[PDB]
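*Asks:* Counting the sequence shown from 1 gives a position; PDB author numbering is that position plus 16. All residues carry an ideal CB built from backbone N, CA and C; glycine is no exception.
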Amino acid sequence: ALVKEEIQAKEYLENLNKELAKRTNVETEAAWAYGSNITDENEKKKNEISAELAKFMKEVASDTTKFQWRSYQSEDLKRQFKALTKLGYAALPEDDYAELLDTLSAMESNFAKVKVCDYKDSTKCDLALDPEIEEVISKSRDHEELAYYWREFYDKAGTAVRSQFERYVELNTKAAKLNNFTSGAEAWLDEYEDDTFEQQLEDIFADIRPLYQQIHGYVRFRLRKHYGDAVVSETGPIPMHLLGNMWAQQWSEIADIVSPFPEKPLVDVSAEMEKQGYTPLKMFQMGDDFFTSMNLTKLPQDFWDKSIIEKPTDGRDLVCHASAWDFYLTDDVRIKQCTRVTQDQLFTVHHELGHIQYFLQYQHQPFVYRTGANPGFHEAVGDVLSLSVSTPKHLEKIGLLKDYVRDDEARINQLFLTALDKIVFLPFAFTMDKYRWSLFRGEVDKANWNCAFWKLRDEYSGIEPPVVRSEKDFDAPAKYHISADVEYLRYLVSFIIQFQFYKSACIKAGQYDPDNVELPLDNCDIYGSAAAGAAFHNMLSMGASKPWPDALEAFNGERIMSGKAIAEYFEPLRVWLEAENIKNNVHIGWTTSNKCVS
Ligand SMILES: *[C@@H]1O[C@H](CO)[C@@H](O[C@@H]2O[C@H](CO)[C@@H](O[C@@H]3O[C@H](CO[C@H]4O[C@H](CO)[C@@H](O)[C@H](O)[C@@H]4O)[C@@H](O)[C@H](O[C@H]4O[C@H](CO[C@@H]5O[C@H](CO)[C@@H](O)[C@H](O)[C@@H]5O)[C@@H](O)[C@H](O)[C@@H]4O)[C@@H]3O)[C@H](O)[C@H]2NC(C)=O)[C@H](O)[C@H]1NC(C)=O
Ligand SMILES: CCC[C@H](N[C@@H](C)C(=O)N1[C@H](C(=O)O)C[C@@H]2CCCC[C@@H]21)C(=O)O
Ligand SMILES: *[C@@H]1O[C@H](CO)[C@@H](O)[C@H](O)[C@H]1NC(C)=O
Ligand SMILES: *[C@@H]1O[C@H](CO)[C@@H](O)[C@H](O)[C@H]1NC(C)=O
Ligand SMILES: [Zn+2]
């Protein structure tokens, strides 16, 4: 009978969760060792442990059918059982799973091992993306030099893994169907527990899209004045190599040439960080200080002992792309970041520490609940702090911003600088998964895979490659997350909901009042606010124990994902920019790109 069985089921889950945490610890350790030190030996070890865990998960999923779990009274027990039925890749036959793991490490290691030759020195060929190539992309205003590094990187990080990517799509699809999802798109979207999630994002994106078009138009106008009309046309997509980022996902590196008021201050604290002798250690300690100032959890000793916060100086290959790691015990959490002393890196440190805080907040939960309310929640945490860290208010407090006068023009500069990151990112992030969804769903023929990528980049972001590409190239895997099989929609969700969290935290902190000119949202600093921290504790401690609207409700009483807050933040910019584009007769929109030959 069911009453007795539900009691047995509760005991079953309690033991299984603890077992899963312990088994996952071992897989995570091997994954950490490989990421910190890429070798054929470590790859083999990582993949063999994963195969072992997958086999165990199959048995778990099989064992769930022995319990009448759908018949139970407890919503909590039913939720835990449902989590256990979701095998993902582990649903694949033994041999297929092994092949997928081999395909995945082939792609990630290719990306991590990319090296190009110096533009000026063809004998020096040890330039890696992080930091050598990214430094040129962020700093050079030599458009031909930029185009050279763009092509070299995309050819090596992208085109080189086409065959592996193709097999990955096939096996990803096979896995999704074994879990009875239509494709990997539906498998990813399942994490958001909402059958209208795509439509919701289309609706929010459509509301913010006109502001992006205005920013795009103004930036193109300003780039024409810098590079001339031979490099940048008035009516075409912007050549992406001029935007200060390898993937044109963030344009903040070219703020010095596109800022609304060039004679007024533009916040760039990298030089002052170097002048004050900042180190990666100091940056992480400052991050820790921010969290604890909000009455949140201090970084444990394991973090400091085990984390890698600087790029190793030996000859070894590693994944430098920053990440945060949960080892599923108590207080064993780590970051691996090839940290540099820059303003954007200070934000990246806080982003990564946001993941760590989430790990610590929910580590008391049963294993299946030791993850974000949804993937976007996990990405949002650290960005909420970075928003306040980025304010002139905060940067003055820590002595990184000196002799700053916050007049109307300086405010517009700062709002624009923020938008070059936050608004610009939105169409980018959407296209990363729109692309992969379309491949997963079988909506694009293999003969059209490359130009399908560039078509989306054109349609949504109005950017294009610096040189003509074709189906002989394969450019998508040149973005880390595409080579590394990391879902990207989490970041689109994050960039929307982080403003919901930020607005609410600022109101709680007494730092934002819409009717008070002295408390604007764009200058809110939540440092030292226990009240804002209390909201975070209430939400983060839940992990995935409840559907995400319940986690949002615990933060601020709301249950709906909304673009209201991000629009509210940027409203003063929207008003000024619409007027400025009209003042300057700025062309808005773009013709279809000629840069991908079918
Ligand atoms: C993805 O979707 C798949 C369907 O498209 C699904 O695959 C199905 O899973 C079913 C298991 O839930 C499975 O059903 C069993 O079928 C057995 C016979 O199947 C044969 O013939 C089929 C064609 O006629 C072939 O396709 C098969 O290959 C087989 O040759 C039955 O013998 C079996 O039965 C037993 O189990 C049920 C248990 O059900 C419950 O039992 C409790 C008792 O505790 C009851 O209280 C409760 O009410 C309920 O009845 C018993 O009722 C029964 O007495 C037997 O013990 C069972 O029906 C099905 O075969 C399979 N394939 C297909 C094509 O249907 C995947 O599972 C889905 N994947 C995921 C991850 O969800
Ligand atoms: C395995 C990928 C980890 C990922 N790594 C970071 C560096 C990352 O990829 N990104 C995303 C990116 O770099 O594409 C944007 C996101 C916005 C804040 C700064 C860095 C964040 C993460 O921590 O979410
Ligand atoms: C990297 O891994 C190799 C074996 O794969 C090991 O011998 C070596 O100690 C590791 N290097 C470092 C710097 O940890
Ligand atoms: C700090 O957090 C604890 C719970 O973690 C809470 O009880 C306490 O009230 C908080 N401190 C302040 C000053 O609010
Ligand atoms: Zn993240």
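(1) Looking at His337 and ligand 5, is the gap between the Cβ and the nearest heavy atom below 7 Å?
(2) Tell me the rounded alpha-carbon separation between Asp541 and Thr387.
(3) Determine contact between the region 120-131 and the region 166-180, defined as no fewer than three beta-carbon pairs at a distance below 8 Å.
(4) Checking the sheet assignment: what are the DSSP bridge partners for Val132?
(5) In three-state terms, what does DSSP make of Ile324?
(6) According to DSSP, is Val484 part of a helix, a strand, or is it coil?
(7) Report yes if the CB atom of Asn63 is closer than 8 Å to the CB atom of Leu143, and no otherwise.
(8) To which residues of the same chain is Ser339 closer than 6 Å at the C-beta, ignoring the five residues directly before and after it?
(9) For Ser323, collect the residues of the same chain with a Cβ closer than 6 Å to its Cβ; drop the 5 residues on either side in sequence, then sort them by chain order.
(10) Could you pull out every residue in the same chain whose Cβ sits closer than 6 Å to the Cβ of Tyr420, ignoring the five residues on either side in sequence?
(11) Can you name, in chain order, every residue of its own chain whose Cβ lies under 7 Å from the Cβ of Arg485, other than the five neighbours on each side?
(12) So, using beta-carbon positions, are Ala468 and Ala173 closer together than 8 Å?
(13) Can the beta-carbon of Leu589 be found closer than 8 Å to that of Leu431?
(14) Please tell me whether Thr40 and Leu69 are closer than 8 Å, where the distance is taken between their beta carbons.
(15) Would the beta-carbon of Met448 fall within 8 Å of that of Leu362?
(16) On a CA-only basis, which of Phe277, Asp211, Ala546 is nearest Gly526? Give me that one, please.
(17) Would you check if the region 452-462 and the region 224-238 touch, i.e. whether three or more CB-CB distances between them fall below 8 Å?
(18) What would DSSP say about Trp204, mapped onto helix, strand or coil?
(19) Throw me the rounded Cβ distance for the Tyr105 and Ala67 pair, which I believe falls under 8 Å.
(20) Skipping 5 residues on each side, what residues in its chain have a beta carbon closer than 6 Å to that of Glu35?
(21) Taking the C-alpha atoms as reference points, what is the distance between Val76 and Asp111?
(22) I'd like to confirm something about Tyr507: is its beta-carbon nearer than 7 Å to some heavy atom of ligand 2, or not?
(23) For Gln292, is the classification buried or exposed, using 16 other Cβ atoms within 10 angstroms of its Cβ as the cut-off for buried?
(24) On a Cα-Cα basis, can you pick out the residue from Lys71, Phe306, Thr81, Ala99 that is closest to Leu108?
(25) Just to confirm my understanding: we take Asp347, look at its own chain, exclude 5 residues before and 5 after, and list those with CB closer than 7 Å. What are they?
(26) Among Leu100, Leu239, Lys131, which one has its Cα closest to the Cα of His159?
(27) Compare the C-alpha of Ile513 against each of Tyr496, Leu217, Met310, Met558 and name the closest.
(28) Closest by CA to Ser520, which one among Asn601, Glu168, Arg473, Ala581?
(29) Suppose the cutoff is 7 Å on Cβ atoms and the five residues either side in sequence are ignored; what does the same chain contact list for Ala570 look like?
(30) Go through the residues and name those whose CB comes closer than 6 Å to any heavy atom of ligand 3, in chain order.
(31) Cα-Cα, which of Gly331, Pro391, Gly252 is closest to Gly605?
(32) Using only the alpha-carbon positions, how far apart do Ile254 and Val152 sit?
(33) Using a threshold of 8 Å, state whether the C-beta atoms of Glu30 and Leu93 are closer than that.
(34) Helix, strand or coil: how does DSSP classify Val384 here?
(35) Measuring only from the beta carbon, is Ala340 closer than 7 Å to any heavy atom that is part of ligand 2?
(36) Following the continuous alpha helix (DSSP H) through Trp606, name the residue where it begins and the one where it ends.
*Replies:* Taking the structure as given:
(1) False, no ligand heavy atom lies under 7 Å from that Cβ.
(2) If you take the alpha carbons of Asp541 and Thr387, they lie about 27 Å apart.
(3) Remark: three or more beta-carbon pairs, one from each stretch, lie closer than 8 Å, so the region 120-131 and the region 166-180 are flagged as touching.
(4) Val132 is bridged to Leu143.
(5) Strand.
(6) Here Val484 sits in coil by DSSP.
(7) For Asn63 and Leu143, no; Cβs fall outside 8 Å.
(8) Hits under 6 Å: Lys352.
(9) The residues are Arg350, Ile351.
(10) Only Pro281, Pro408 meet the Cβ criterion.
(11) Hits under 7 Å: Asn466, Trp470, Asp491, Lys611, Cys612.
(12) No, the Cβ-Cβ distance between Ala468 and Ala173 is not below 8 Å.
(13) Between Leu589 and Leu431, the CB-CB gap stays under 8 Å.
(14) Taking 8 Å as the Cβ cut-off, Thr40 and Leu69 qualify as a contacting pair.
(15) Not in contact: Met448 and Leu362 (Cβ atoms no closer than 8 Å).
(16) Among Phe277, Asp211, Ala546, the Cα nearest to that of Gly526 is on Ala546.
(17) No, the region 224-238 is not in contact with the region 452-462.
(18) Reduced to three states, the DSSP call for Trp204 is helix.
(19) Incorrect: roughly 11 Å between the Cβ atoms, too far for contact.
(20) Excluding sequence neighbours, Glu35 sits near nothing in its chain.
(21) Approximately 19 Å between the Cα atoms of the pair.
(22) Yes; taking the cut-off as 7 Å, the Cβ of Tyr507 has a heavy atom of ligand 2 nearer than that.
(23) Per the 10 Å Cβ criterion, exposed.
(24) Looking only at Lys71, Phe306, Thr81, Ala99, the smallest Cα-Cα distance to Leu108 is reached by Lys71.
(25) Sequence-distant partners of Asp347 (beyond 5 residues in either direction) whose C-beta falls short of 7 Å from its own C-beta, in its chain, are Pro316, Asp318.
(26) When each option's Cα is compared against that of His159, the closest is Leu239.
(27) Among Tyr496, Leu217, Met310, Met558, the Cα nearest to that of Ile513 belongs to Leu217.
(28) Relative to the Cα of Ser520, the nearest Cα in the group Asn601, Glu168, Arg473, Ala581 belongs to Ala581.
(29) Only residues of its own chain outside the window of five on either side were considered, and among them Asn554, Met555, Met558 have a CB closer than 7 Å to the CB of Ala570, listed in chain order.
(30) Qualifying residues come out as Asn53, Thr55, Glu57, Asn58, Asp330, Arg332.
(31) Nearest to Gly605 by alpha-carbon distance, out of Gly331, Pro391, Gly252, is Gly252.
(32) Each residue's Cα considered, the two are about 19 Å apart.
(33) No, they are not a contact pair.
(34) Helix, per DSSP.
(35) Indeed, a heavy atom of ligand 2 lies less than 7 Å from the Cβ.
(36) Note, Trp606: premise wrong, no alpha helix (DSSP H); not H, not E.
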